[PDB]
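Got an experimental structure here, sequence first:
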Amino acid sequence: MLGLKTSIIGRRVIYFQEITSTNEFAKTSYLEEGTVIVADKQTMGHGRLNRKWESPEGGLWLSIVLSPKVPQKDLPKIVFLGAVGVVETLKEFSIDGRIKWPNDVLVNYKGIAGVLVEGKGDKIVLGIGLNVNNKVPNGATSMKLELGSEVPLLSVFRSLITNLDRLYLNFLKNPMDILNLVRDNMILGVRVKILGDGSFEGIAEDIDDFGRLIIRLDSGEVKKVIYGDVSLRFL
Amino acid sequence: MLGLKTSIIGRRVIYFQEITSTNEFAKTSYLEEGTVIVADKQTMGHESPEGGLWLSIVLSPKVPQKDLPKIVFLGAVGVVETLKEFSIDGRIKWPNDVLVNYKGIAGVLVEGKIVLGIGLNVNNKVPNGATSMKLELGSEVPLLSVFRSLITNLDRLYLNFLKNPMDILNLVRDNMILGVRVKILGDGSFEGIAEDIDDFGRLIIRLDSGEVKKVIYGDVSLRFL
């Protein structure tokens, strides 16, 4: 009854009034490629770095099951697919979102969406958490706060699924393309600090052909940061 | 994202762009009670084109074995209530069909774990002699609005049915086509006036001879004369 016209993503959609986490369900269940798992709220949701994710009623919490048969050297790039999809959808609602490497989406430096990609055996689970009408934590934002008005949650879903499907079909044929879209929508040319072990600061110059963040330290040294399991702070 | 607030029916909803049959998927798959299977179209329903509301609901009612036959009435009444919400006069053709001015607009199929299947013509093209919500109202009807309405009605009806399986019969009686001649097809056939449904949901027919027959659904077909 939803009348989705997508080719792969959204061929099937499993909706839950409440769930522990859409990513966990997608990982532990056999689902055909393109299946979207979505819930009004999550009781154990989280984003990258295991950051607890308040997923209250009003937001868009979903996961997509994918099994892209692309060269493995290109597989690591699906994380960006979600971020770019969110940016395209936000633009449709007159909101200018920018990507905070690797896959967070910000609006005026305030978090509005997060992407969590996990791999289980043969498939990849692309999780997205987008603040729409739900109340957000201090420092974060939402579509409702940005537009100062209620936003039809289903309208956002339709838009996002449509964009993700389009991006995914092209990724299957031209996997290098997504990096260019990421680059064109990412926050660059500003100072950042990579936290944790061997912490350092520098200018985030660009992302390379592998999606690594290229940082220029004050000394002139150039470091390439892997998208995995690191935290980044804007200075 | 749908924000359904029902208690059981609609706790989960599995949507398909296309499926062979929502009833077959529901019967075969491992699903929890209240899960609704809905598709834009069914390729092998019993086809169901885009524009209609095609769904099945998984139920596990812990009620007396004798009350299971009443489940079909939950679907028929739920459809009638939703149609009334859209100002369409749907009437029940005992025991699983809904007509508008004697034209078919919906059908209910219960199998079984009990699977309650419902097919409702909304914006889809229909067979000769049938009708749809769009044809009755004269304009397209938001399919999702019909789904929300129906799911809400079915959830309320089901929750009460679990406690009082008899209550549904009164709602059927108030919304069913009665007082007219019908032909019952089974082992041969007989005709008579459809008088009412009894405390078991059996159709009571008065033959011209004065004989009274009680019809149980399962191996029979009813036709209006």
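Cool, got the structure. Numbers count the residues shown, from 1 in each chain, chains lettered A, B, ... in the order given.

chain center to the longest strand seen in chain A, what's the gap?
In chain A, assigned by DSSP state E, the strand with the most residues is strand A:110-120. Relative to its chain's centre, strand A:110-120 lies at 4 Å (Cα atoms, centre = their mean, to the nearest Å).

Are that strand and chain B in contact anywhere?
No: using Cβ under 8 Å from any Cβ of the partner chain, no contact is recorded between strand A:110-120 and chain B, whose separation bottoms out at 14.6 Å. All C-beta atoms are positioned from the backbone trio N, CA, C, and that covers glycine.

which neighbours does the helix or strand that that strand is followed by have in its sheet, and in what orientation?
Moving toward the C-terminus from strand A:110-120, the next helix or strand (DSSP states H and E) is strand A:123-130. If you go by DSSP bridges, strand A:123-130 pairs up with strand A:60-66 (antiparallel), strand A:110-120 (antiparallel).

Which parts of stretch A:202-218 count as buried, going by neighbours?
Across stretch A:202-218, burial judged by 16 or more other Cβ atoms under 10 Å in any protein chain shown covers A:202-204, A:207, A:211-215.

That should have said stretch A:99-110, apologies.
Using 16+ other Cβ under 10 Å as the test for burial, stretch A:99-110 gives A:99-107.

So which of those is the closest to residue A:123?
residue A:103 (18.3 Å; Cβ to Cβ).

hang on, isn't the closest one packed against residue A:79?
Yes: using Cβ atoms under 8 Å, residue A:103 is in contact with residue A:79, at 5.1 Å.

hey, what's in contact with both of these two?
Taking Cβ atoms under 8 Å, 6 or more residues apart in numbering or on different chains as the contact rule, residue A:103 and residue A:79 both touch A:115, A:117, A:227.

which among those residues end up buried?
By neighbour count, with 16+ other Cβ under 10 Å, the shared contacts of residue A:103 and residue A:79 hold A:115, A:117, A:227 as buried.

from these, which is closest to chain B?
Among these, residue A:115 lies closest to chain B (Cβ to the nearest Cβ), at 17.1 Å.

who's in contact with the closest one?
A:47-48, A:79, A:82-83, A:86, A:103-105, A:126-129.

between the residues you listed, which is nearest residue A:182?
Proximity of the contacts of residue A:115 to residue A:182, judged by Cβ to Cβ, is greatest for residue A:83, which lies at 6.8 Å.

Now do residue A:198: how many residues are near it, please.
Residues near residue A:198, counting by other Cβ atoms under 10 Å in any protein chain shown, number 7.

which bits of chain A sit near chain B?
Near chain B, the residues belonging to chain A are A:1-6, A:10-17, A:38, A:40, A:57, A:60, A:62, A:153-154, A:156-157 when assessed by Cβ under 8 Å from any Cβ.

sorry, back to before: any of the contacts of residue A:115 buried? List them.
By neighbour count, with 16+ other Cβ under 10 Å, the contacts of residue A:115 hold A:47-48, A:79, A:82-83, A:86, A:103-105, A:126-129 as buried.

which ones are touching residue A:140?
Neighbours of residue A:140 in contact, by Cβ under 8 Å, 6+ apart: A:110-112, A:131.

And it, its phi and psi?
When quoted as degrees, to the nearest 10, the phi and psi of residue A:140 stand at phi -100, psi 180.

same deal with residue A:155?
Backbone torsions of residue A:155, given as degrees, to the nearest 10, read phi -60, psi -40.

That one: neighbouring residues, count only.
For residue A:155, using other Cβ under 10 Å, the count is 14.

quick one: it and residue B:97, what's the gap?
35 Å (Cβ to Cβ, to the nearest Å).

Could you look up the SS state of residue A:178?
Classification of residue A:178 by DSSP: H, G, I helix; E, B strand; the rest coil places it in helix.

I'd assumed residue A:167 was in contact with it.
Yes: Residue A:178 is within contact range of residue A:167, at 6.8 Å (criterion: Cβ under 8 Å).

what do those two both touch?
A:81, A:84.

Domain parsing of chain A, as residue ranges.
As given by curated CATH domains, the domain ranges for chain A are A:1-187, A:188-235.

highest average neighbour count across those domains?
domain A:1-187 (a mean of 19; mean count of other Cβ atoms under 10 Å in any protein chain shown).

where does it sit relative to the chain's centre, distance-wise?
With Cα atoms, centre = their mean, you get 5 Å for domain A:1-187.

Figure out the length between the terminal residues of it.
Terminal residues of domain A:1-187 are spaced 39 Å apart (Cα to Cα, to the nearest Å).

again with stretch A:83-101
End to end - Cα to Cα - stretch A:83-101 spans 9 Å.

who touches that stretch?
A:80, A:102-107, A:111-113, A:115, A:128, A:130, A:143, A:146-147, A:151, A:156, A:159-160, A:163-164, A:167, A:178, A:181-182, A:185-187, A:204, A:207, A:213, A:225, A:227, A:232, A:234.

Stretch A:197-205 too?
For stretch A:197-205, contacts defined as Cβ under 8 Å, 6+ apart pick out A:101, A:187-194, A:213-218, A:221, A:223, A:235.

and that stretch, how far from the chain's centre?
The answer for stretch A:197-205 is 22 Å, by Cα atoms, centre = their mean.

Please export the C-alpha coordinates of that stretch as PDB.
The C-alpha trace of stretch A:197-205 is given here as PDB (Å, rounded to 0.1, in the frame of the first residue of the first chain):
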ATOM      1  CA  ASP A 197      45.800   6.800  20.900                       C
ATOM      2  CA  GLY A 198      48.400   8.900  19.000                       C
ATOM      3  CA  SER A 199      46.100  11.900  19.000                       C
ATOM      4  CA  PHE A 200      47.000  14.800  16.700                       C
ATOM      5  CA  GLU A 201      45.600  17.900  15.100                       C
ATOM      6  CA  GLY A 202      45.700  19.400  11.700                       C
ATOM      7  CA  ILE A 203      43.600  20.600   8.700                       C
ATOM      8  CA  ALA A 204      41.100  18.200   7.200                       C
ATOM      9  CA  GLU A 205      42.100  18.700   3.600                       C
END
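
What segments of chain A are strands?
A:12-16, A:36-39, A:60-66, A:98-100, A:104-107, A:110-120, A:123-130, A:190-194, A:200-207, A:213-216, A:222-225, A:232-234.

Give me the spatial nearest neighbour of residue A:214, chain neighbours excluded.
Using Cβ to Cβ, 6 or more residues apart in numbering or on different chains and skipping the chain neighbours, the partner closest in space to residue A:214 is residue A:205 (4.7 Å).

residues touching residue A:46, list them.
The contact partners of residue A:46, by Cβ under 8 Å, 6+ apart, come to A:21, A:52-53, A:116.

no wait, residue A:184
Residues counted as contacts of residue A:184 (Cβ under 8 Å, 6+ apart): none.

which residue sits closest to residue A:120, ignoring its sequence neighbours?
That would be residue A:27: by Cβ to Cβ, 6+ apart, it lies 4.5 Å from residue A:120.

Hmm, residue A:122 and that neighbour touching each other?
No: look at residue A:27 against residue A:122 with Cβ under 8 Å: they stay out of range, at 11.3 Å.

Which residues are in contact with each of the two?
Taking Cβ under 8 Å, 6+ apart as the contact rule, residue A:27 and residue A:122 have no neighbour in common.
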